[PDB]
2 protein chains.
Amino acid sequence: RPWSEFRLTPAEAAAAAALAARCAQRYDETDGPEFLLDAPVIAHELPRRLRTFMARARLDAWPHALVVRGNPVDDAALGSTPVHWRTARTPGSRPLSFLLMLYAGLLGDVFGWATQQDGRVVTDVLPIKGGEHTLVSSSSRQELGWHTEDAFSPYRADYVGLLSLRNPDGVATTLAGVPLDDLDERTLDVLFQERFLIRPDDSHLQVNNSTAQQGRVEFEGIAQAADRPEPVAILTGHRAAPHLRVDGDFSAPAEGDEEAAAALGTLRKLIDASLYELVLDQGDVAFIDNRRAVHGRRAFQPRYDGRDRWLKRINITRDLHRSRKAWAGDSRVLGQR
Amino acid sequence: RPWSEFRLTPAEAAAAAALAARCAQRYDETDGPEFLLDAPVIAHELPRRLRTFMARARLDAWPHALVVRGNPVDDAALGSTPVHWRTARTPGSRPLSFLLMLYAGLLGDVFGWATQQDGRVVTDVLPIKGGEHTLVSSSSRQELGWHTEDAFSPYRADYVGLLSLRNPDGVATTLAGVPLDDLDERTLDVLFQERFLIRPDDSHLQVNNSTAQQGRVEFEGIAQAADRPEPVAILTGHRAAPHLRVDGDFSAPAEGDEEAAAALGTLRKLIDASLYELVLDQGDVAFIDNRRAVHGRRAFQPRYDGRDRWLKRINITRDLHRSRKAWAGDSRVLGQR
Ligand SMILES: NC(=[NH2+])NCCC[C@H](N)C(=O)O
Ligand SMILES: NC(=[NH2+])NCCC[C@H](N)C(=O)O
């Protein structure tokens, strides 16, 4: 497999669940300052075999993601899938949100965006009725196109954590790495040059946040990035193992740069051709390497019967201080004027 | 204080020492692949109050370093200070080398350089007879000028760990942050521009490595960086809290750029004026923030009687994958053709 996989024993899974439940009892919320600070140390109490996996697999050169299988989820206890992310912090999902944050603490510094889902650190992925054909993660009938998470931003995550609360019909997450086996050197050269525009995706629009937030000064920075994007490279670092920054629906070549356009067009076709599926079954967690891979989600027919697919999500950086310019009165919720 | 300080209780210090001693019994060496991989997980067994300090203090916005006081060191057990770093992996210093690596594992990914002290991850700082007036860390009579560690390299450490094995005469480490209170905005503007040359320091020369290593292809990259340095910025990131990349003895303005030169000259004087002292007494460990501060060491008269000042040192990055281009057949020992 192109990802690294770990399966918890039932005993390990129960121990991790018990730890998350204890945290849920002792702390008021996941995104509170106290649990944000404490979670990385509390995570040291997770099962040792899991801690070893996370410490080693993060340092491997190859995987597109780290996948942890086997966290129990009781649908009766969980309750119905929320109709919107706003109302998605349900008591039934609370322990699992704490669990995701504990796992994330083993990989780095968690953070959110002032301009996405009301500045929440733990976010939700679920289908919103009426929003089936949008470019945001609450779509369904329209495939969520492949992307580097928050591609527009230099402060985008190193890892994106996804915990599947439920996924009864096995809807696939999509993944692709750099198509290095098919990129000729001239095309590769051009992708390494600062000749591309990457604009913020629609999740950072005021319309996709609550009316109270509309509001925040950080939406100004989003507008600046959308209106006047700075040319950047799609590939960076080592030519034999490049890091990737692209969004199929929000990337463009620099104004009138047809050579850059050709390179982006070639990249699109090669990523489309190599895209593969990872199904996060109920209880599965994935930490996608946001530098090695783009990801998306297959089109699916939403149910709207209370049992729709539902993920908790979290952004993770290896170094919070990289984003200090965007510390919006809060180091864990990023944005700029 | 401009650094964050933690003092171990005797019980905590003894527990940490016992853990390091256990590691020293079970592993062949600190730089072996096994302990490199295991140390970050074994470090989860360190005293909880220390783990909390390291997890929180790393995320604070202000400190120039994280300092841990109170590790016991028995001079009789330690033995005499080595005459050279080559011979400095003495049995008496072995547990303390493991201790340094355990502490470092709480902050990030440790690594070394193919071209410095024979590619060792745990390195040594001690005075070498005949080398009193050099620009390397084995100097004594000549002050070690302030510097960002490995300033020339984009893969330089985020944190530099220093453990004082002995320092009987209390020789000071020097530190300085960005002199933001005195830099005018025009000068600040220029320091943020890619108008400066930073060459590799003398520790990366073949003459300062063993004759067997002279040898390695990675010295080619050092020569390239010395002969044809690429213009880079001294300050990066947030203008209200910039990150710093400079070396007093190995920095220069870009060819004929007198405005850049003026900015560097002003910076020199302001750093010289704000330089302060941190004395690492026997058993003290410091993790210097290599982005917020430059550091050095005061001139001292060497003893050469077997009780000279002696530190173990280690480079730490928040993300090993940042340096994958420089993974020299080994992700933990960096260098390039
Ligand atoms: N090509 C795209 N649709 N990009 C945007 C991805 C989805 C966005 N990050 C969200 O959570 O809604
Ligand atoms: N300005 C300087 N002397 N810079 C070089 C610093 C010392 C070097 N990192 C060493 O270990 O020897």
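Protein chains get the first letters and strands the later ones, always in sequence-line order, with residue 1 at the start of each. Hydrogens, waters and symmetry mates are skipped; everything else that's a heavy atom, side chains included, is used.
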For the residue pair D38(A) and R56(B), what are the closest heavy atoms and their distance? OD1-NH2, 2.8 Å
Enclosure of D184(A) CG (heavy-atom neighbours >12, cutoff 6.0 Å): yes
To the nearest 0.5 angstrom, please state how far the CG atom of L37(A) sits from the OG1 atom of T52(B). 10.0 Å
Okay, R291(A) and chain B: the region with an atom under 4.5 Å from a heavy atom over there is side chain
Would you check, one step at a time, whether the test side-chain contact (heavy atoms from CB on, under 4.5 Å) holds for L320(B) with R318(A)? CA-CA 10 Å; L320(B) 197 65; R318(A) 285 296 304 171; over 6 Å; no
Residue pair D319(A) / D319(B), side-chain heavy-atom distance below 4.5 Å: no
If you round to the nearest 0.5 Å, how far is CG of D60(A) from NE2 of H321(B)? 7.5 Å
Below 4.5 Å, heavy-atom pairs only: which of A326(A), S331(A), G237(A) has the largest tally toward chain B? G237(A)
Salt-bridge present (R322(B), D158(A); N to O < 4.0 Å): no
As an exercise: rank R239(A), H238(A), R292(A) by heavy-atom pairs under 4.5 Å with chain B and give me the winner. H238(A)
Under 4.5 Å from any heavy atom of chain A, what part of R58(B) do you find: side chain, backbone, both or neither? both
For the CD atom on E194(A), are there more than 12 heavy atoms of other groups (residues, nucleotides or ligands in this structure) within a distance under 6.0 Å? no
Chain B contact via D289(A) - which portion, at a heavy-atom distance below 4.5 Å: neither
Contact winner vs chain A - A61(B), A241(B), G108(B), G105(B), heavy-atom pairs under 4.5 Å: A241(B)
Where is the tightest heavy-atom contact between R324(A) and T236(B), given as atom of each residue plus distance? NH2-O, 3.1 Å
